[PDB]
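1. Return atomic coordinates for the entry below.
(one chain, ligands or ions: 3)
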Amino acid sequence: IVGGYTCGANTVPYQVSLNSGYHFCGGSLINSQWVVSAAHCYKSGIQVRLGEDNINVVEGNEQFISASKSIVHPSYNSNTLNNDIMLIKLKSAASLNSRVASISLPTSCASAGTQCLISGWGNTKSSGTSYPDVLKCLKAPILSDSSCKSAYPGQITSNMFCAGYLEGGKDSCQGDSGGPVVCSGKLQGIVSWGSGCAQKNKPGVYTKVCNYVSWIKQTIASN
Ligand SMILES: COc1ccc2[nH]cc(CCN)c2c1
Ligand SMILES: COc1ccc2[nH]cc(CCN)c2c1
Ligand SMILES: [Ca+2]
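-> Numbers count the residues shown, from 1 in each chain. Ligands and ions are numbered 1, 2, ... in the order given. You can find the structure just below:
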């Protein structure tokens, strides 16, 4: 997260870190057994780390649970990033509490102008590299579909939306991939892609979670 703020330990209780020897992506806990992330975060050997603040220090609220199964969306295209969503099932159920909590799925899509919270352990610099230990947060509005498409000609599908600041300076970045965009208490987005980070006229692009709720629910119901 570039241009954000330190969230505060365990204040984003649905935020997970996906770990394969190191943090490599975010995700969102949606029930005691399941995490939603980006399809571009797929790899084998994932350990889901819940209750994290400092990802390099055991602080006492973590739960570390290995994935039993990953399900990339059937229509994910890794060249265009269309349908950039994946589900991860935990080998055992997380113990839910005030610091490890699921985030509600949307019942309808969110509108341009809605304020959201984007979070992760990604790079905090737009030119250069610095990776934080503690979770970073950014409040950002959803942008209009028209401004999103104008910013990224030929690339925005009906399964994507932009959020952030056309002036630059505030954005998600590398390592925030797969993490949450939460608006009015609902998971509306997943950190998906963008041109650089925090660049003028190049806002972050996010998977439009509301399009996937039926797939998520039916997948959970049979897996
Ligand atoms: C865009 O950066 C990342 C970062 C972490 C990642 N893990 C696995 C993948 C590729 C998915 N098959 C990936 C990509
Ligand atoms: C500019 O390099 C990267 C590298 C990896 C990334 N993952 C997601 C994003 C977009 C964040 N808005 C991103 C950007
Ligand atoms: Ca920790």
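2. who in this protein is up against ligand 3?
-> Within the chain, the positions adjacent to ligand 3 are 52, 54, 59 by Cβ under 5 Å from the ion. All C-beta atoms are positioned from the backbone trio N, CA, C, and that covers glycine.
3. Just give me the closest of the residues you listed to ligand 1.
-> When these are ranked by distance to ligand 1 (Cβ to the nearest ligand atom), residue 52 comes first, at 16.8 Å.
4. rewinding a little: for the residues of the chain next to ligand 3, give me a markdown table that also has secondary structure.
-> Listed next are those as a markdown table, based on DSSP: H, G, I helix; E, B strand; the rest coil:
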| residue | secondary structure |
| --- | --- |
| 52 | coil |
| 54 | coil |
| 59 | coil |
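5. excluding its backbone neighbours, what's nearest the residue most central in space within the chain?
-> With distances taken as Cα atoms, centre = their mean, residue 179 lies nearest the centre of the chain, 1.6 Å away. Computed as Cβ to Cβ, 6 or more residues apart in numbering, the closest residue to residue 179 that is not its neighbour in sequence is residue 26, at 2.7 Å.
6. Is the one you found within a helix or a strand, and which one?
-> Assigned by DSSP states H and E, residue 26 falls within strand 23-31.
7. I'd like the next helix or strand past that strand.
-> Next element after strand 23-31 (DSSP H and E): strand 34-37.
8. Who does that following strand pair with, and is each partner parallel or antiparallel?
-> Paired neighbours of strand 34-37 in the sheet (DSSP bridges): strand 23-31 (antiparallel), strand 86-90 (antiparallel).
9. Can that strand be said to contact ligand 2?
-> No: shown here: strand 34-37 not in contact with ligand 2 (Cβ under 6 Å from any ligand atom), separated by at least 12.0 Å.
10. List the residues that contact the residue nearest to the centre of the chain.
-> Neighbouring residues of residue 179 by Cβ atoms under 8 Å, 6 or more residues apart in numbering: 15, 25-28, 37, 118-120, 122, 172, 190-191.
11. what's the distance between it and residue 74?
-> 22 Å (Cβ to Cβ, to the nearest Å).
12. repeat for residue 36
-> Residue 36 is 15 Å from residue 74, by Cβ to Cβ.
13. Ok, residue 129 next?
-> In terms of Cβ to Cβ, residue 129 sits 35 Å off from residue 74.
14. same question, residue 174
-> On the measure of Cβ to Cβ, residue 174 and residue 74 end up 27 Å apart.
15. what helix or strand is residue 173 on?
-> Residue 173 is part of no helix or strand, with elements assigned from DSSP H and E.
16. Chain neighbours aside, what residue packs nearest to it?
-> Among residues not flanking residue 173 along the chain, residue 197 sits closest, at 3.7 Å (Cβ to Cβ, 6+ apart).
17. Name the residues of this structure found near ligand 2, please.
-> 171-174, 176-177, 191, 193-194, 196-197, 204.
18. let's go with 5 Å and repeat that
-> Within reach of ligand 2 by Cβ under 5 Å from any ligand atom, the chain has these residues: 171-172, 174, 177, 194, 196-197, 204.
19. In terms of helix, strand or coil, where does residue 217 fall?
-> Going by three-state DSSP: residue 217 is helix.
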